[PDB]
DNA sequence: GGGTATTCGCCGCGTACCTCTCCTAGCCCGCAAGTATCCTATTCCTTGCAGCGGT
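In this note's numbering, the protein residues as written are 9 to 57.
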């Protein structure tokens, strides 16, 4: 069902797309994985240490 | 006495850092505050003794 939902949108079903480096501007081979992840900022700051 | 087994009691169990809270109990005696009470006046009445005109 993840594959089906992905294909509902026009995204590549494999889950991995092809990026481009920022500095050089040339392509990464080996298509990489990109998505959306939920992240939290834990209560261990640097300025309290 | 003596070689042995069984029990008793002491010794020991990682490093560094960050955050928070809490730290004696009970009696006693001076003492401030607040209060109910006691003495202090005024107005009426009916006595008891000293002056006092009068003769």
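Virtual Cβ for every residue (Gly too), placed ideally from N, Cα, C.
Inset, instruction - Would you kindly report the start and end of the unbroken alpha helix (DSSP H) that includes residue 12? - result: From DSSP, the alpha helix (DSSP H) with residue 12 extends over 10-16.
Legend entry - Distance CB(residue 35)-CB(residue 44) smaller than 7 angstroms: With contacts defined as CB atoms closer than 7 angstroms, residue 35 and residue 44 fail to qualify as a contacting pair.
Inset, instruction - Give the DSSP-derived three-state secondary structure of residue 54 in the structure shown. - result: Residue 54: coil per DSSP, three-state reduction.
Inset, instruction - Can you tell me which of the three DSSP states residue 28 falls into? - result: If DSSP states are grouped into helix, strand and coil, residue 28 belongs with the strands.
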